[PDB]
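Below you will find one chain, with nothing else, as structure tokens; this is the form deposited in one PDB entry, and questions on how it binds or moves follow later.
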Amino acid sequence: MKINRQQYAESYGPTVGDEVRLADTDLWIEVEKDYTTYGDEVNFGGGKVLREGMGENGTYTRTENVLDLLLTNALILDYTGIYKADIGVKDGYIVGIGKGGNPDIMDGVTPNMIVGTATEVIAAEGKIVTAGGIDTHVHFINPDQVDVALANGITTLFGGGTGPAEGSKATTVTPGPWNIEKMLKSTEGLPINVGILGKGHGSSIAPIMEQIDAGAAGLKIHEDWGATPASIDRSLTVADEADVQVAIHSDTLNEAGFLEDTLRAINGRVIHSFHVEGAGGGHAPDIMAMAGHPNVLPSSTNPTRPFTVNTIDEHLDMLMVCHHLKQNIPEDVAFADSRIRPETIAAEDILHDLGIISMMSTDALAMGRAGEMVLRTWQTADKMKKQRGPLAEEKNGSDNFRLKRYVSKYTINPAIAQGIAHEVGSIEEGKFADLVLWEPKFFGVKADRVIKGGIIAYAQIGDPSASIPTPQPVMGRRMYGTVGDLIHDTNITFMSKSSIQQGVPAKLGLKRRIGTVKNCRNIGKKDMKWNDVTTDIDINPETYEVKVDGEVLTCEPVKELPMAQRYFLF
């Protein structure tokens, strides 16, 4: 007996060779392989397969290869591939990617993916499943920012801040032992994974280091605190001892040095370069030249992504209003004009497409949108396909190569850069079960269900008083993973090795899972999945033209984007 492909895909989600459009973009992803056994697909419901004696095993105890949760029929989009599989979760972690069910009567069942009495089922047929987004440029300014991030599929926030204090409104910094301890305590009630950055500023080691020992997971060097050679140097020395990452927003003003001076202070050490294009901050006008170096892990923030006809106007004014600039004072305007450049923003689209900028991030509430990292990543990929055509490396009509290059920017690469990719950042066996389900029509726009540590934390769901959950109004809502003590077991506080060894979690009464920051001083640009290109980026000091391999990198701004007015109420 045979099933035609259209019918197959409607029932079980797509299978090998089938393609799916991402939202209302022009981008197509193709199923590369499928772990199922045709005819023994898992599914749940009345008269369906996962029933006792059938696709559900009625013999094994939980410990005997039985799952806590099976996501059936997922279309996985990840750096590791675009393929169809069942996903098995146990103790909060992804334990199996393969074929789930009952070995009694089914062929091809992954041995530790038994559906038993202990197993919960999530039907992923017809959905795209990705890792939770890793946002490594977060300002902790307003607690309402967390649902905003969860609704666009972000599950980890790395950054700093104490709320709406001017230090935190400008810089991703939680300064000093006491602020760090207070924000670790605050973090106990935020339904998302968190890592806190201390102030990467000082001329003595101790003041910096004590922040790491208190529980910070890394450091931020920002020009508003003095992004000087000394502060860069001391932070990187602390980082190299502590095994944590340093992010940098360099000296825009070129006050103590030009880009080459900042690079000489860095001295070959590993560093994460935030908003590398430089509209978000950085040596004017040539900070984006950092993205060509081997020891730099480069990210963009999102308001420049991608280059649109309103981008410059909105930035020029944004910059003026947050710096209290005046169009009357000539220096103020020369400053704005040196910082907000059409030439570098256009080239940032193309550096993303080439794999030269490895990561995306938000800059949430400081100069970036908390719920648009995922959104703008895909809008950028879509714009580049239209302007540059499919990358040479593509297949059929698939955009699979570009899709793995771009999903990597907000999942695995940020995790790698921050020393937390043993726990999060990709759909792989042995990693925390932070998983986002998307309807294809809403892909990258609004997440269906966000799973945190193997329990749903956030969902687009309807009237709580109705007979069923689908009646209006359907809106993003916190789920049971966020309630009571469950918020501790489904989320991770990422901390330095020294704060963990010193018993900070116990000193402060932290109940959240504690994740260890590690392995981030011996990585480089070569470790950025699908985005590992090192090259000589030239930024002309007079015209701000960007050249890579002797060619000018230019593209036009677009008037319209997908994943925009078809979806949003405002």
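Just so we're on the same page, rigid core means the largest C-alpha set that superposes within 1.5 Å between forms. A residue's number is simply how far along the shown sequence it sits, counting from 1.
There is another form of this protein, the form deposited in another entry, and it is not shown here; the text below is about that form.
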property	result
Moved residue between the shown form and the other one - picked from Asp104, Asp337, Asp224, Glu429, where its Cα shifts 2 angstroms or more relative to the rigid core	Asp337
Flag for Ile208, CA shift 2 Å or larger between the shown form and the other one after aligning core	no
Core fit, then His488 C-alpha moves 2 Å or more between the shown form and the other one	no
Did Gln472 shift 2 Å or more between the shown form and the other one, C-alpha, core superposed	no
